[PDB]
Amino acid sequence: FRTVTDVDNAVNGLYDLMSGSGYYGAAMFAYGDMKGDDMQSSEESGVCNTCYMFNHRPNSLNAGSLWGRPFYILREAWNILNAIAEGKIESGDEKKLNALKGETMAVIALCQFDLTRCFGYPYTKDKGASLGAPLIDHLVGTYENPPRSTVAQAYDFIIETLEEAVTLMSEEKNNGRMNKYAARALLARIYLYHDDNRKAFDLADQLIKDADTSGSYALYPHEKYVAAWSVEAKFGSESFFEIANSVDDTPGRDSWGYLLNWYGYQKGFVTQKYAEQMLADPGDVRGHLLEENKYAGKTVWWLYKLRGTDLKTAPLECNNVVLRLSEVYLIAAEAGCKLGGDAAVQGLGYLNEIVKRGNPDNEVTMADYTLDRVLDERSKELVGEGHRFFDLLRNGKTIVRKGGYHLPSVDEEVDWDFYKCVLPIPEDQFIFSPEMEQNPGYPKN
C-alpha cells in the first residue's frame, strides 16, 4: 500500500472476491429466489436444491460461501481502510483516495448486510433483537474472535457506514463496481429493511430524480426490456452495480447464468404460480423471459433472464445485477404505501411507472395500492435477482410453496418463526468460541 493506484487495485480485488460463485456469482441469488414462491429447484443437486429444500446444517451450510466469503472480504476491506487511516499512501491524488475509501466502506456495508439477512432474523420481526453474524465494525485483532452482535447493532453500523460512504464517493460510472448512485440505491434498500420508511422514500425519490436530471440512468422501455438482459447489453441504463463476468473467467458453468439455463445445468425453474401469474397477462413483457419445456412428464417454465447470444447454448459470461433502477422505484412505492399521505401519492406514481413499463394497458388505482400489490410487482419485476424470499419474510408474510410442480417434501409454509429462515453458524466457529450461540433449532454437537 504505497500509492492511490495500489489502493484502487486492492479495492478492485474486493469485487473479484465478491464475484465468486459462492457469493454474488450465484449463491446469493439461489438463496433469495429458491426460498421464495416464484422459483424452485429441479431434481438436480447443488445450491439451488439445498436452498429450496432448506437443507442446511452447522457442519455443512449447503449455501455456497455465504458465511466465509463475505467475512473474507470484510477482513481485506478493513486492511484497506487501516492502511489509509495510518497514512500509508503517498500524497497528491486525494479526491480519488477519498472516493476509494468511501467505496471500500460501501463494500463493507454490503457484506455485513448480507451476513445480517442470512444469519439473523429479519430486523422487522423484533426490532433487530435477535443475534446476527459477528459484526466486523473494526480492524480485528490478530487473536480476536468477534462475538455475534444483534441484528439491530449490525444495522446501526451498516447505515452509518453507508451514509458516510455516500458523502465520500464519486458519481462517475465504473462498470463492475459501485459508485455513489449504487451506494445510495443500496442505502435506500437498507433503510426499507430497517423500517425507516420516511428515509427510504425520501432517498429513493431523490435518487430517481437525480437519475432523471443527470440522464445517467433510465428505465428500459417496454419494447427494449427483453434485449436489456442480453450479454450484448452489459451495464445497461438501469444498472448501478452488476458483477462483471466474462467467457474467460470463473464462474463459468457454476455462474447463475449457466445454473438457471435449461441447456446449462438446469438447476431451477420458475414455479407454476409465477408462470401462471405472467401468462395470464401476455401483454406484460416480463413473461417473455419465460421459456416453456417438459420435465418429469409435465410442462414447466425456466427463467431466461440471463440471456446469451444463442437460445439453446447456456452462457458462461452473464453479469449478475446487484442494484438497478427498477428496484429504487419499487422501494419508493413500498415505503410510500407504508407512509400514506403525499408519500403514497408519489409512490403510486412510481409503482405505475413500473406497472406500465411491464404492460402499458395496466395500471394501479389508489383503491388497489396495497402492500401486497407492491410485493406482487416486486415478484414480477425482480424474479431471478435474489429478492423474493427476503421481501416476503421482512414484511411478516407466509411464503406458500405448494402444488404446481413443487418437489416432494418442500417446506410448504415459511415465515419468520421458521428456524431455518436463517442459516446456521458454521460448526468450526465453536473451536475458538465454544460459548457462541447457535441459531435456535439447529443442533450443536
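Note that residue numbering follows the sequence shown and begins at 1.
Exercise for the section: Compare the mean C-alpha B-factor of 209 to 217 with that of 188 to 196 as given in the PDB entry, and name the stretch with the higher value. Expected result: The stretch with the larger average C-alpha B-factor is 209 to 217.
Exercise for the section: Using only the Cα atoms and their B-factors as the entry lists them, report which of 426 to 434 and 5 to 13 averages higher. Expected result: Here the higher of the two C-alpha B-factor means belongs to 5 to 13.
Handout entry: Residue of maximum C-alpha B factor among 167, 112, 352, 239, per deposited coordinates
Key = The record points to 167.
Problem - Given 252, 341, 120, 264, the residue at which the Cα B factor reaches its maximum - result: It is 341.
Exercise for the section: Could you tell me which third, lowest, middle or highest, the C-alpha B-factor of residue 401 occupies within its chain? Expected result: Ranked within chain, residue 401 CA B lands in the highest tercile.
Handout entry: CA B-factor ranking of residue 132, expressed as a third of its chain
Key = For residue 132, whose C-alpha B-factor we compare with every modelled residue in the chain, the answer is the lowest third.
Practice task
Within this chain's modelled residues, let me know which third the CA B factor of residue 283 belongs to: lowest, middle or highest.
Solution key: As the PDB entry reports it, the C-alpha B-factor of residue 283 lands in the highest third of its chain.
Practice task
Rank-wise, by C-alpha B-factor, drop residue 297 into the lowest, middle or highest third of its chain.
Solution key: CA B-factor rank for residue 297: highest third.
Handout entry: Chain thirds of CA B-factor: placement of residue 390
Key = Lowest third, going by the recorded CA B-factors of the chain.
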